[PDB]
Amino acid sequence: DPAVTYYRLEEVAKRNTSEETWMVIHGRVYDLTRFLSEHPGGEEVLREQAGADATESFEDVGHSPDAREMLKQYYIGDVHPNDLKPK
Ligand code: HEM
Ligand SMILES: [Mg+2]
Ligand SMILES: [Mg+2]
């Protein structure tokens, strides 16, 4: 619990603009505000899903091992349990 700060998806949803962009990937929240400019796939696809769980798009694109490593530096917390899928 403790080493983990939780975020309700309703809060994540509000970080959907260039000033502060967050995104959920496999139950974890990422502050990608500084990452936007450096994303090889470009900014637009990230703006389209900012504030939301983009796990499915992330996985369908087929990101590389180094892409997944890059996620870590932007990890800020976990999705609140109330917002998680039931199974
Ligand atoms: C809205 C979610 C995301 C979408 C739709 C997306 C989409 C894409 C697309 C379309 C490409 C180019 C495909 C190709 O290599 O031919 C790409 C490449 C890449 N993306 Fe994303 N991306 C997303 C999130 C992220 C995140 C969170 C990171 C990590 C911080 C990331 C890191 C990369 C990197 C490093 C590449 C270069 C190719 C690779 O290493 O796999 N992307 N992305
Ligand atoms: Mg704040
Ligand atoms: Mg590695």
Side-chain angles (χ1 to χ4, degrees):
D1 263 356
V4 174
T5 298
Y6 293 101
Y7 295 105
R8 288 177 189 283
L9 286 184
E10 82 157 291
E11 280 306 310
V12 180
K14 296 181 199 168
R15 280 61 180 198
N16 71 335
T17 77
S18 58
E19 285 299 277
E20 174 165 39
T21 291
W22 290 2
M23 181 178 292
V24 163
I25 300 287
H26 291 291
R28 295 188 170 191
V29 182
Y30 296 89
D31 184 344
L32 308 171
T33 311
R34 293 175 187 295
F35 175 63
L36 299 209
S37 313
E38 308 310 319
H39 176 230
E43 285 189 32
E44 194 52 52
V45 296
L46 301 185
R47 303 173 186 135
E48 305 190 320
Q49 282 182 271
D53 182 331
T55 304
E56 187 186 72
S57 299
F58 186 81
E59 294 294 358
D60 301 326
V61 152
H63 290 80
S64 81
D66 298 308
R68 304 184 181 264
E69 180 60 27
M70 224 178 259
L71 271 175
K72 303 182 184 169
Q73 71 196 296
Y74 308 112
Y75 171 48
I76 55 166
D78 296 6
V79 169
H80 185 101
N82 273 67
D83 300 326
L84 295 182
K85 73 253 190 73
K87 60 201 194 222

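Order of listing sets the numbers, starting from 1, for every ligand and every atom in it. The basis for the numbers below is simple: all heavy atoms, side chains too, and nothing from hydrogens, waters or symmetry mates. If you read the sequence from its start, that first residue is 1, and numbering goes on from there.
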Considering only non-hydrogen protein atoms, determine which one is nearest to [atom] and report residue, atom name and distance to 0.1 Å.
atom	answer
atom 27 (C) of ligand 1	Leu71 CD2, 3.7 Å
atom 40 (O) of ligand 1	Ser64 OG, 2.7 Å
atom 35 (C) of ligand 1	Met70 CE, 3.6 Å

For this session: May I ask you to test the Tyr7-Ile76 pair for a side-chain heavy-atom distance under 4.5 Å?
Result: yes

Side chains of [X] and [Y] only: does a donor on one sit below 3.5 Å from an acceptor on the other?
X	Y	result
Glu19	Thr33	no
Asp66	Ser64	no
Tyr75	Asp31	no

For this session: Kindly work out whether a path of hydrophobic side-chain contacts (I/L/V/M/F/W/Y, heavy atoms less than 4.5 Å apart) joins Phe35 to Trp22.
Result: no

For this session: Treat each ILVMFWY residue as a node, draw an edge where side-chain heavy atoms are under 4.5 Å apart, and state whether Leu32 and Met70 are in one component.
Result: yes

Problem set entry | Note: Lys14-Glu11 ion pair, threshold 4.0 Å (strictly below) | yes

Seminar exercise, completed: Report for atom 21 (Fe) of ligand 1, protein N, O or S closer than 2.8 Å, by chain and number, lists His39 NE2, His63 NE2

Exercise. Which is it for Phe35 and ligand 1 at heavy atoms under 4.0 Å: side chain, backbone, both or neither?
Worked result: side chain

Quiz question for you: does at least one protein heavy atom lie closer than 4.0 Å to [atom]?
atom	answer
atom 21 (Fe) of ligand 1	yes
atom 43 (N) of ligand 1	yes
atom 14 (C) of ligand 1	no

Exercise. For ligand 1, is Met23 a contact, meaning one of its heavy atoms is under 4.0 Å away?
Worked result: yes

Problem set entry | Ring geometry between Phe58 and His63 (parallel below 30°, tilted from 30 to 60°, perpendicular above 60°) | parallel

Problem set entry | salt bridge (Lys or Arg N to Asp or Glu O under 4.0 Å) evaluation trace for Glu59 with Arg68 | CA-CA 10 Å; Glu59 294 294 358; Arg68 304 184 181 264; 2.7 Å; yes

Problem set entry | Inter-residue atom distance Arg28.CZ - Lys72.NZ, 0.5 Å rounding | 9.5 Å

